[PDB]
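Presented as structure tokens, the chain that follows is alone, the form deposited in one PDB entry.
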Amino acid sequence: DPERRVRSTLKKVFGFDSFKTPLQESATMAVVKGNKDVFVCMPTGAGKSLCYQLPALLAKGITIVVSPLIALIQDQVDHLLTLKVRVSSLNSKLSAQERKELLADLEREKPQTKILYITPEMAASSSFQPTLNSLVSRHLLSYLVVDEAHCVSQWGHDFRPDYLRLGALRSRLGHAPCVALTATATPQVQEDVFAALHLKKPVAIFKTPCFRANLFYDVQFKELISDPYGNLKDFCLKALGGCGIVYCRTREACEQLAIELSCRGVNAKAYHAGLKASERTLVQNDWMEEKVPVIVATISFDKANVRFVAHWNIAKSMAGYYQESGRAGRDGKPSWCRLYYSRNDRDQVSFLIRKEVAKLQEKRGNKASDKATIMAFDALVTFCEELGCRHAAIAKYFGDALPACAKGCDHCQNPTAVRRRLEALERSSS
């Protein structure tokens, strides 16, 4: 009865009566089985570390975990140690005796070390190769875990050439299943992970869908609104009856909107990097304690009663838009997400990204991530100019199945209304 073995370890070691979600449960059970290569794709804070930390304790041998930096490794090592777990870390920070003590333990016929954290540079080093081959030869390797697996991809936010060497390492240890985990949900990133880590097919996939049922999405065209500040004021008031957010691009527009909304009868405090750090925490504290309902911001600081998120200007990427609008309705109660779109604002953001790209190119030459940045923006322009379900467009971008939008977006609420606003936009060009 492995379910019972898992359930007892969950309580006695990790001190938990249940799994956070059933997907965390299915993922953990699939890693325990040990018959296939596993891919875990869940949001940050969804309990991905347990999906591999728990099975490692129930396996006969050692689990090797690859992670990008020592700072993040140390946090994971310090955490497991308090649970009285036999966790170790082979890195550059180790003193002469420390490394000698750890290398000796691994050379024992029955080593004490159950979980070993290493950086990719260390995994692929010729000096680590005698240790690894001995473990493979003695059938002492139970799992190979690749955390932050999106690091293999130039289509992700954190490309690391060191992660590309991990494919050849994985190929050398066939007996041991491989576990790959990330929060990045795009299909190109998933495809890069499967190919770069030389994963064995069929891969067991545990993917949290990006769909958020309680969010009402709409797109309004600033060009066709006689009183723009009046529309934002209406939207802000109607959504309440908690708190709400308004995003904009400039410090100028951030100040204009904060004063402009306070005049209409909706108390708004401007938040940007131009202000003093003393004032930053002050404005933050007041929005958190509901003294001020609206925060107009260009930058960010997690409030649970966010009833609205309004984007005064188009965001820089589809992933950025998903994350910023995603700050709404964390309590599960109904919330509203509006993106105010104009072709001039599109031309402005596009120009800004192209300069930022040329600045990186002047600094370090050409890279394949240069094209990804333009495509991440053009996917958001497509969403703004598209006629279709707002939730189905997000699902398609993140490789999810069609979501059950029960009149949960402007297009689904009334497709004719979205069509008339779009026709007026297309005609205005002539």
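Start at 1 and count along the sequence shown; that's the residue number. Heads up, when I say rigid core I mean the largest set of C-alphas that superpose within 1.5 Å between the two forms.
Here the subject shifts to the form deposited in another entry, a form of this protein not shown in this document.
Shift analysis on the rigid core between this form and the one not shown singles out 280 from 198, 346, 280, 354 (C-alpha displacement of 2 Å or more). Taking the rigid core as fixed, one finds a CA shift for residue 398 of 2 Å or more between this form and the one not shown. When two forms of a protein are overlaid on their rigid core, residues whose CA moves 2 Å or more are considered shifted, and residue 46 is one of them between this form and the one not shown.
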